[PDB]
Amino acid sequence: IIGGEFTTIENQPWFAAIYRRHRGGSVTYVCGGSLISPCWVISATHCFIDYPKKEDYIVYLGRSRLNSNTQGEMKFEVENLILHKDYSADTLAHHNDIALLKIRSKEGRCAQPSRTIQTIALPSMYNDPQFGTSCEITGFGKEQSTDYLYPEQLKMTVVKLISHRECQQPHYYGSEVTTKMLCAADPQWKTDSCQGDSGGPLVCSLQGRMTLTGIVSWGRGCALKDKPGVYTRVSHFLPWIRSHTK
């Protein structure tokens, strides 16, 4: 997350931290995700497409720090890793960048709600907030595009939804943005998601209810002028989510 602020997991209790285990013990952070039901985390396919092997991933809920424990956190194995069959990224855009992780603890349990662990509502079909609406994003991604290090503490910031008309101008992304995506950015281009934030949520009030409007997907650099963050438009994937979580 470029700009914004450090936060606690209490303020983003749906946020899932996803790591990969490598043979001989080293664990690396992969991506964020969002808890949509006690047993199901939603993320991005491009986080896993190169290595779609459920057994080597680890999911945390209730976790506010990258390399230490948070009181009340739960650690999960991935019982089922589901990627979108039509994912592609032959050009700049990532299409159908959405994935599902069925989670199960060592003791065989799904997520247990608390002040630090909570589901986030899905939107109703094709229901999105209006363009100009403020939304929240969160993650352990880079604080500057060229940093080699990552923040130790979870961050969040606020970005605004941008119209497709705006985002499809040639100097923004042209035809790389589709109706299955949503653009969001800072009006002054000071704050954005960045590498390490994919799979995490774009959260908007709709209306009264915090709603998973997007999933962090892609962009040109981070916080660059006329280059918004691009998010998978969750309201266009409900049938896929419903049929794969059954």
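Quick note: we count residues from 1 along the sequence shown, nothing fancier. Throughout, rigid core stands for the largest set of C-alpha atoms superposing within 1.5 Å between the two forms.
Averaged as a root mean square over residues and superposed structures in 4 other deposited structures of this protein, CA distances to the shown form are larger in 91-99; the pair compared was 78-86 and 91-99 with a core fit. After superposition on the rigid core, the larger root-mean-square Cα deviation in 4 other deposited structures of this protein belongs to 125-133, not to the other of 125-133 and 138-146. Set 219-227 against 233-241 and average the Cα temperature factors; 233-241 ends up higher. The stretch 21-29 shows the higher mean C-alpha B-factor when 21-29 is compared against 7-15 in the entry. Per the deposited coordinates, the residue with the largest Cα temperature factor out of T138, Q144, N127, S88 is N127. Note on the listed residues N96, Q169, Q112, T157: the highest Cα temperature factor in the record is that of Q112.
Among the modelled residues of the chain, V203 sits in the middle third by CA temperature factor in this PDB entry. Among all modelled residues in its chain, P38 ranks in the highest third by Cα B-factor. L122 sits in the highest third of its chain by CA B factor, as recorded in the PDB entry.
The deposited CA B-factor of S64 belongs to the middle third of values across its chain. Among all modelled residues in its chain, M210 ranks in the highest third by Cα B-factor.
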